[PDB]
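Structure record follows, encoded as structure tokens.
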Amino acid sequence: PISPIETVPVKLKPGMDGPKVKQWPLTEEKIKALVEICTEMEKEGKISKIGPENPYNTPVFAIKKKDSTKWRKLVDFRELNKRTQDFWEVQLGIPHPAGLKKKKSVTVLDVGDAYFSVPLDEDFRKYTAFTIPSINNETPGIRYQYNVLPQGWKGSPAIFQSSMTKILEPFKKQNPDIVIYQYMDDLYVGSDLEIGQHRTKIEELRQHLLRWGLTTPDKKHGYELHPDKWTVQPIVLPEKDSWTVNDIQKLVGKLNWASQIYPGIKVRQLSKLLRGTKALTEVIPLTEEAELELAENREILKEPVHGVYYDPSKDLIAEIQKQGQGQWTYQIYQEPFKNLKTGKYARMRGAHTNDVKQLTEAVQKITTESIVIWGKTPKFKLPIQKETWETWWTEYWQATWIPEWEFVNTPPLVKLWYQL
Amino acid sequence: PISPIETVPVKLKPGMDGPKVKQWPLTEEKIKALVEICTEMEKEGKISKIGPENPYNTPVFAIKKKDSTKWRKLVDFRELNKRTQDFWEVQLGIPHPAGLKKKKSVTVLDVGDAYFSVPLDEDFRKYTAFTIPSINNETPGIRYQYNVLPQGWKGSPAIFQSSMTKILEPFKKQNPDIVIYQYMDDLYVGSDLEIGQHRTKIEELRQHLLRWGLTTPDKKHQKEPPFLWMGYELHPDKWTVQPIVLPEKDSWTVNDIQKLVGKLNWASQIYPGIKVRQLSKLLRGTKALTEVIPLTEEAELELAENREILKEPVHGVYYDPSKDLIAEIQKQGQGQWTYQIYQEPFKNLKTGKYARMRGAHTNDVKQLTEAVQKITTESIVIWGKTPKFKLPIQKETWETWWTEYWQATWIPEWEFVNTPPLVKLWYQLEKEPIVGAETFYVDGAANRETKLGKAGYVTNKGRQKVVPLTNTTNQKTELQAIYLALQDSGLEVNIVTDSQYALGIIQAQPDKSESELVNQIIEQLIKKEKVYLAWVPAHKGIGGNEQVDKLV
Ligand SMILES: COc1ccc2ccccc2c1/C=N/NC(=O)c1ccc(O)c(O)c1
Ligand SMILES: OC[C@H]1O[C@@](CO)(O[C@H]2O[C@H](CO)[C@@H](O)[C@H](O)[C@H]2O)[C@@H](O)[C@@H]1O
Ligand SMILES: OC[C@H]1O[C@@](CO)(O[C@H]2O[C@H](CO)[C@@H](O)[C@H](O)[C@H]2O)[C@@H](O)[C@@H]1O
Ligand SMILES: OC[C@H]1O[C@H](O)[C@H](O)[C@@H](O)[C@@H]1O
Ligand SMILES: OC[C@H]1O[C@H](O)[C@H](O)[C@@H](O)[C@@H]1O
Ligand SMILES: OC[C@H]1O[C@H](O)[C@H](O)[C@@H](O)[C@@H]1O
Ligand SMILES: [Mg+2]
């Protein structure tokens with residue numbers, strides 16, 4: 001009937017129970033797709049229907065690949081994760097190569113399918129249960145639980161880690177300068193070849209993987234990334250010629266908030282021109298003892314933070330601020346005012362690009378950056394409405410994972426971050 | 001009776017055992033009804049006398065109804081549930097009527113001893129164990145155990161609804177033309193066919209149901225057109241709120257208002273424009289349950305109107321799939337917006353209200369945004385898709401606000417609706433200073449203790465004023481200054497504040513506040529032609545701010 005079924009038995013550590021998360025209400029569109037998908041998986045054996053004797057449930061969504069033709073199921077295993085973590089991060093964890101962020105090109109390719117060939121630990125399948133919603137609560141939702149390593153679960157990879165690296169065993173010896181970090185379903189290939197060749201070694205691997213185990217990756221004659238290029242650090246102060254009282258004030262404050270990070274930021278002889286109750290539209294030519302601070306400080310602001318070191322026990326925070334015009338800035342950090350990275354996202358080739366869409370991309374962007382630089386996904390403090398977000402993101406969202414997010418209503422630094 | 005369904009494997013939380021509670025040997029006017037009943041169930045299989053074993057017991061009280069034949073044995077499993085494993089929590093939601101697709105002539109079914117017709121886990125039966133005392137006060141008690149769902153054992157609405165479904169599953173397939181809705185022991189088989197042929201089907205599901213152990217009533221199939229449902233009144237081509245009792249008293253309490261307002265919230269679904277802001281503004285004196293709460297002059301005026309609204313019955317329509325959904329809003333002020341989702345003129349599926357989020361500083365556009373939202377999230381439930389919006393604002397007014405709002409908003413797809421009031425931002429701040437306009441350097445502090453402050457200013461032209469304040473907060477003197485500058489200043493002005501707060505509140509362009517102070521400021525903004533507000537860090541040597549920063 002069946003062969004030697006050896007599955008890695010999984011456990012949640014003592015004190016935590018399977019996930020019990022409410023299934024979100026989806027558009028009749030997404031349901032129907034989610035309906036066919038499982039209908040087929042159930043048929044494939046990948047999943048099975050369950051009863052009321054499984055109190056467990058994780059949210060499941062539906063999103064387009066890039067193929068606004070066909071949908072793909074995206075289960076939000078954010079909870080089942082934290083409750084298995086001691087397993088996918090302790091026991092069978094996957095080390096993160098610090099060089100990956102150095103190579104000139106990193107192509108990220110999907111390996112999620114290599115997972116539906118590995119049976120899930122009997123006594124654990126019960127925690128991977130999900131419900132396919134019903135319009136207007138008409139009928140009761142549909143109940144399924146997995147039978148194979150499900151994508152999205154941070155264990156699917158940790159379990160596959162062996163079969164995987166074993167497949168990479170011939171390719172890695174032969175191409176010993178290429179980095180290959182497996183983060184969940186995604187596989188990151190990093191190297192330093194021509195942007196032409198780098199698309200060939202990939203293909204080699206692509207082909208290698210395709211044969212060896214039919215670990216079918218979804219390529220598309231396939232996601233180029235350039236780690237090195239990411240180096241956006243200055244915080245330019247407008248350095249004009251004509252300054253009004255008003256512009257000096259805007260500068261001091263914008264210069265004072267500043268010092269909350271950089272230690273040697275000295276705003277004194279600047280308050281020198283701000284002396285006297287003057288009109289705001291009054292040009293005051295910069296003094297002689299004055300522009301010291303202009304550039305003497307612009308310097309401490311030319312060379313970045315000294316004493317900012319990542320911590321693996323504390324998690325990562327990512328803040329994004331709408332900057333206007335498809336302009337979105339952001340900072341990654343841990344101890345308020347001690348950034349690990351800062352940058353900008355941009356709307357460039359889309360006349361249908363709206364806030365939400367941007368944010369959803371600006372986020373996935375920031376998430377991959379971390380996944381690369383740190384091997385871990387940050388927690389976002391999204392400047393959007395909790396209700397609106399929880400409705401639309403799965404629209405333009407098209408990643409295989411979901412980070413932690415919360416919602417904020419920003420203290421208007423005049424975003425002492427923008428340059429223009 | 002005894003359904004040939006397969007059973008749902010049940011257990012108890014890890015490390016627990018059956019409840020071994022005992023029977024307060026009670027009567028015989030009842031240690032009789034029990035033996036009569038049990039034995040009658042025992043025949044029907046619902047139960048089976050259990051051996052001289054280890055089984056734990058459960059209390060089996062009895063009570064009597066008021067129509068007359070006899071008593072009800074009511075076992076109290078409270079201690080069995082506590083030990084019973086959790087279950088996939090059934091539909092916690094209720095299928096709102098405005099979204100059941102219209103049909104020609106619907107039916108309804110009332111499953112019988114539902115719970116008692118579904119077999120119980122052949123292994124979790126031993127924990128249902130109980131006993132009724134002897135007919136005499138002596139004690140050779142009678143032992144039984146359940147073979148079907150217990151009547152309120154924890155897992156019952158679950159394992160029932162479960163099994164139900166897996167039965168209707170095969171029926172619905174051989175009949176892809178009938179939408180049977182399920183809720184408790186209620187089936188909503190309905191379709192649009194000659195009325196005669198249709199019955200041939202209902203009298204068919206019924207055969208199939210009874211075929212497998214589930215029983216259903218029958219005038220032939222029992223209910224006429226006016227159906228009741230969790231508070232609804234579903235006609236064959238219309239739905240409506242069941243009747244509402246909006247009382248008149250000479251005394252109300254914190255318990256009398258939740259009832260009122262609670263009754264008022266429900267009626268809004270279809271009753272257009274049920275204002276209930278001031279009435280709920282009351283439930284927060286303190287949360288004592290019984291309290292002589294004096295009606296307010298505003299509530300009694302609000303309730304008087306709510307009554308006049310209810311003094312006239314309104315209907316609700318059914319959902320038509322091919323036709324789409326349209327939703328339109330309208331602001332009643334005070335942050336009270338009302339809407340209505342429809343497909344056709346004079347035919348709403350439902351209307352509702354959108355309260356003000358009970359906050360402190362929000363402008364119409366914000367609210368209208370959150371309004372659209374509430375309606376969006378909701379339309380995706382009752383219907384499954386979002387509606388075309390008809391919002392009382394012009395694409396021009398919106399475009400402005402979002403492209404200038406630090407937050408990422410997303411009003412989806414609307415059309416203009418010219419019917420006042422029309423949502424609009426009343427005052428606007430100069431993005432840059434104003435040259436030939438006096439610059440007021442304001443600031444005003446207060447003693448956190450003595451609760452005494454003074455707001456004031458000092459300008460370029462050399463004018464100064466300090467107005468003494470009393471029983472004020474610090475933020476009060478902070479805004480007291482901006483308001484003071486707006487007073488003393490001319491037609492266009494530039495203000496410099498050390499107040500993060502003051503600024504933000506105004507730079508929020510939040511119209512419609514309660515706080516007299518804000519509205520005065522907001523009012524004074526309106527009157528001004530051009531205003532530019534500036535923020536500088538206080539206590540930082542501004543040879544121009546370290547003035548009022550020291551004068552106050
Ligand atoms: C327990 O229920 C009642 C007791 C007494 C009544 C007296 C007069 C009218 C309706 C009544 C009702 C309710 N009758 N309700 C139904 O037969 C019904 C059928 C299909 C559905 O989908 C649904 O949601 C409710
Ligand atoms: O979108 C937030 C919302 O998502 C829920 C599921 O309905 O939970 C998930 O997302 C959270 C985001 O911070 C995670 O922290 C949580 O672990 C995950 O299951 C809700 O709980 C939450 O309100
Ligand atoms: O059909 C839109 C049109 O209907 C109007 C006036 O005829 O209002 C009536 O019809 C609406 C249809 O949805 C009802 O909601 C409304 O209560 C009723 O008075 C206008 O709203 C609009 O121009
Ligand atoms: O135009 C769409 C693409 O724009 C940018 O590259 C985004 O970072 C990426 O997430 C998105 O796929
Ligand atoms: O909800 C009350 C329930 O009482 C009992 O369990 C009955 O068997 C069932 O008909 C009903 O569903
Ligand atoms: O919202 C309050 C109302 O909810 C439902 O209609 C209940 O059946 C009714 O008892 C209650 O008055
Ligand atoms: Mg001050």
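Top to bottom, those sequences are chains B and A. Mind the numbering: the first sequence is residues 1 to 221, 231 to 429 in PDB author numbering, read in order. Mind the numbering: the second sequence is residues 1 to 552 in PDB author numbering, read in order. Note that beta-carbon positions come from the ideal geometry of N, C-alpha and C, so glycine has one too.
Under the DSSP assignment, B/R284 falls outside any alpha helix (DSSP H); it carries neither an H nor an E label. Of the residues assessed, B/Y127 falls on the buried side of the cut-off, its CB having 16 or more other CB atoms within 10 angstroms. Residues of chain A whose Cβ lies closer than 9 Å to the Cβ of B/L301 do not exist, since the nearest Cβ in that chain is about 16 Å away. Around A/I293, the same chain offers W252, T253, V254, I257, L282 and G285 as residues with beta carbons nearer than 7 Å, after the five sequence neighbours per side are excluded.
By the CB criterion at 8 Å, A/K275 and A/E305 fall inside the cutoff. A direct Cα-Cα distance of roughly 52 Å separates A/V365 from B/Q161. In this chain, the alpha helix (DSSP H) harbouring B/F160 covers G155 to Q174. B/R358 carries a coil assignment under DSSP once its states are collapsed to helix, strand and coil. Relative to the Cα of A/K49, the nearest Cα in the group A/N137, A/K238, A/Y146 and A/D121 belongs to A/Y146. Taking 8 Å as the CB threshold, A/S499 stays off the interface with chain B. Counting only the Cα atoms, B/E204 lies some 13 Å from B/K173. A/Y342 has its CB nearer than 7 Å to a heavy atom of ligand 3.
For A/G316, DSSP records a beta bridge to A/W239. The segment 184-201 of chain B makes no contact with the segment 245-255 of chain B; the number of CB pairs closer than 8 Å stays below 3.
Taken through DSSP and simplified to helix, strand or coil, B/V106 comes out as strand. At least one heavy atom of ligand 1 lies less than 7 Å from the C-beta of A/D110. Put simply, the CB of B/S268 is far from chain A, with every gap to its CB atoms at 8 Å or more. Across the structure, B/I411 and A/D121 are spaced so that their CA atoms are roughly 39 Å apart. Secondary-structure assignment with DSSP links B/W410 through no beta bridge to anything.
One alpha carbon belongs to A/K461, the other to A/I542, and they sit about 17 Å apart. Within chain B, the residues placing a beta-carbon under 9 Å from that of A/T403 are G333 and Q334, ordered along the chain. Distance from the CA atom of A/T470 to the CA atom of A/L491, rounded to whole angstroms, is 29 Å.
According to the DSSP assignment, A/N255 belongs to the alpha helix (DSSP H) that extends over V254 to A267.
Exposed is the label assigned to A/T27, since fewer than 16 other Cβ atoms lie within 10 Å of its Cβ. Scanning its chain for C-beta atoms nearer than 8 Å, with the 5 sequence neighbours on each side dropped, one finds around A/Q464 the residues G456, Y457, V458 and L551, in chain order. B/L425 sits in coil when the DSSP states are folded into three classes, being neither helix nor strand. Taking 7 Å as the cut-off, one finds at least one heavy atom of ligand 3 near enough to the beta carbon of A/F346. A/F130 is bridged by DSSP to A/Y144. Beta-bridge annotation (DSSP): A/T497 is paired with A/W535. Judged by the Cβ position, A/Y183 fails to qualify as a neighbour of ligand 5 at the 7 Å threshold, every heavy atom of the ligand being at least this far. Cβ-Cβ distances below 8 Å link A/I521 to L479, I482, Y483, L486 and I506 in the same chain, with the five nearest sequence neighbours on each side left out; the list follows chain order. Between the alpha carbons of A/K13 and A/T84 lies a gap of roughly 6 Å. In this structure, A/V435 lies away from A/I393, with their beta-carbon atoms at least 8 Å apart.
The count of Cβ pairs closer than 8 Å, one atom from the segment 89-101 of chain B and one from the segment 10-24 of chain A, stays below three, leaving the stretches out of contact. Per DSSP, B/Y115 lies in no alpha helix (DSSP H) segment and is marked neither H nor E. According to the DSSP secondary-structure assignment, B/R78 is paired through a beta bridge with no residue.
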